[PDB]
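All remarks here apply to the structure that follows.
Number of protein chains: 2
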Amino acid sequence: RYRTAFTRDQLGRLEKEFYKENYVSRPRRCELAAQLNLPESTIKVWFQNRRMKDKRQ
Amino acid sequence: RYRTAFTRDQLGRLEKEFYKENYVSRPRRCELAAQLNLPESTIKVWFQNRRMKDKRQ
DNA sequence: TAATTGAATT
DNA sequence: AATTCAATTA
Numbered sequence: 072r073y074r075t076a077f078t079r080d081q082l083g084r085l086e087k088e089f090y091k092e093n094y095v096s097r098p099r100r101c102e103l104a105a106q107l108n109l110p111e112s113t114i115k116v117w118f119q120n121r122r123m124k125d126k127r128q
Numbered sequence: 072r073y074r075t076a077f078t079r080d081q082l083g084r085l086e087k088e089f090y091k092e093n094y095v096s097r098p099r100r101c102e103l104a105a106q107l108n109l110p111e112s113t114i115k116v117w118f119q120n121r122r123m124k125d126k127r128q
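For the protein sequence lines, the chains are U and F, in the order given.
Residues in the first sequence are numbered from 72 upward in steps of one, following the UniProt record's numbering.
Residues in the second sequence are numbered from 72 upward in steps of one, following the UniProt record's numbering.
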């Protein structure tokens, strides 16, 4: 299926963004993507999964 | 964390099942678990790992 | 190498 | 939201 291994700078940035807001829109994810050098799709899915994780805990 | 230690006939039975089919459904797994006195989850995880082995080396 | 983690799928 | 399976970790 895949395997994106985020580096601590990417996951670290992602986690800072998640706690200010558990949801990010397409333009914003595009912004994070250019900045993070990752596909938009990758960021979308991470937020989806992070919301799920958060729900359980 | 962990660690389960298989008996020789438990693993031979596992390896036998695997050569016939690399995947067993949730209900066959319960049949094997009853028969081998091992946990349902243990067998699920073993097929997970054995497939990774087959797929990789 | 058994068990866990989490990225991707559906 | 529920599962799967590619990677670790111990």
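Note that CB positions come from ideal geometry on N, CA and C, so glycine has one too.
In whole angstroms, give me the CA-to-CA distance for residue i and residue j.
i                     : j      : result
U:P98                 : U:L85  : 15 Å
U:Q106                : F:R121 : 40 Å
F:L109                : F:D125 : 23 Å
residue 40 of chain U : F:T75  : The structure shown does not extend to residue 40 of chain U, since chain U is modelled only from 72 to 128, so the question has no answer here.
residue 28 of chain U : F:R79  : Beyond the ends of chain U as shown, which are 72 and 128, falls residue 28 of chain U; an answer cannot be given.
U:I114                : U:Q128 : 21 Å
U:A104                : F:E111 : 42 Å
U:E102                : U:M123 : 23 Å
F:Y90                 : F:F77  : 18 Å
Taking the alpha helix (DSSP H) that residue i belongs to, which residues open and close that run?
i      : result
F:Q106 : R97 to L107
F:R79  : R79 to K91
U:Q128 : Run containing U:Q128: none; DSSP gives neither H nor E here.
Is it right to say residue i is buried, meaning 16 or more other beta carbons lie within 10 angstroms of its own, or is it exposed?
i      : result
U:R72  : exposed
U:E92  : exposed
U:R100 : buried
F:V95  : buried
U:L82  : exposed
U:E88  : buried
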